[PDB]
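In this chain, residues are counted from 1 in sequence order. All values below come from the heavy atoms of this structure, side chains included, with hydrogens, waters and symmetry mates left out.
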Amino acid sequence: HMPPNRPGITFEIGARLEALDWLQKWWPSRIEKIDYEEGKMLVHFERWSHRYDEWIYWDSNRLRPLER
């Protein structure tokens, strides 16, 4: 699959964005891996240890552009 066109987000390893974490708080986050077969990404929530890294489908509303 090809990643969707979401303005302000680059679907690339190492790209930063904002993601809603396990406490429902928005904070900067970083893409760790992309699974193009299932259309999901491994997201690192920067306010959290990598034990909290989570696979998120790339259409999820838990992702939004990084605050400018």
Side-chain angles (χ1 to χ4, degrees), residues 3-24 26-32 34-36 38-68:
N5 203 348
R6 302 183 61 168
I9 298 179
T10 303
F11 298 83
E12 184 64 28
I13 295 176
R16 291 178 83 221
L17 65 174
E18 276 176 6
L20 192 86
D21 72 6
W22 66 281
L23 292 178
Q24 290 74 45
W26 285 105
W27 194 267
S29 299
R30 191 180 64 244
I31 296 167
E32 293 284 334
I34 303 179
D35 183 340
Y36 299 89
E38 305 189 27
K40 54 175 186 157
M41 315 184 301
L42 184 57
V43 178
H44 163 59
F45 309 84
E46 288 188 13
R47 223 162 82 169
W48 294 103
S49 150
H50 283 273
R51 78 192 67 174
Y52 290 101
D53 291 4
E54 197 181 335
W55 284 101
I56 306 271
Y57 289 103
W58 55 33
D59 300 302
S60 165
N61 295 275
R62 291 179 58 193
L63 314 174
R64 77 184 187 192
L66 180 63
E67 182 97 43
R68 296 149 72 176

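Taken to the nearest 0.5 Å, the CD1 atom of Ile56 stands 8.5 Å off from the CG atom of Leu20. Atoms CH2 and CD, from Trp27 and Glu67 in turn, are 10.5 Å apart once rounded to the nearest 0.5 Å. One distance of note links CG of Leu17 with CZ of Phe11; it measures 8.0 Å at 0.5 Å rounding. If you take CD on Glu46 and CD on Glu18, they are separated by 9.5 Å, rounding to the nearest 0.5 Å. The distance from atom CG of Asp53 to atom CZ of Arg30, rounded to the nearest 0.5 Å, is 8.0 Å. With values rounded to the nearest 0.5 angstrom, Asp21 atom CG is found 8.0 Å from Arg62 atom CZ.
Nearest approach of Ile34 to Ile13, heavy atoms of both residues: CD1-N, 4.2 Å. Scanning all heavy atoms of the two residues, the minimum distance from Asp35 to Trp55 falls at CB-CZ3, 3.9 Å. Of all the heavy atoms in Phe45 and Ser29, the pair that sits closest is CA-OG, 3.7 Å.
Counting only distance, with no hydrogens or angles, the side chain of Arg6 and the backbone of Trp58 share a donor-acceptor pair below 3.5 Å.
Under the 4.5 Å side-chain heavy-atom criterion for grouping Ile, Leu, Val, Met, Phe, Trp and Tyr, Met41 is connected to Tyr52 within one hydrophobic cluster. Placement of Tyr36 and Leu63 within a single hydrophobic cluster is found when ILVMFWY residues are connected by side-chain heavy-atom separations under 4.5 Å, directly or transitively.
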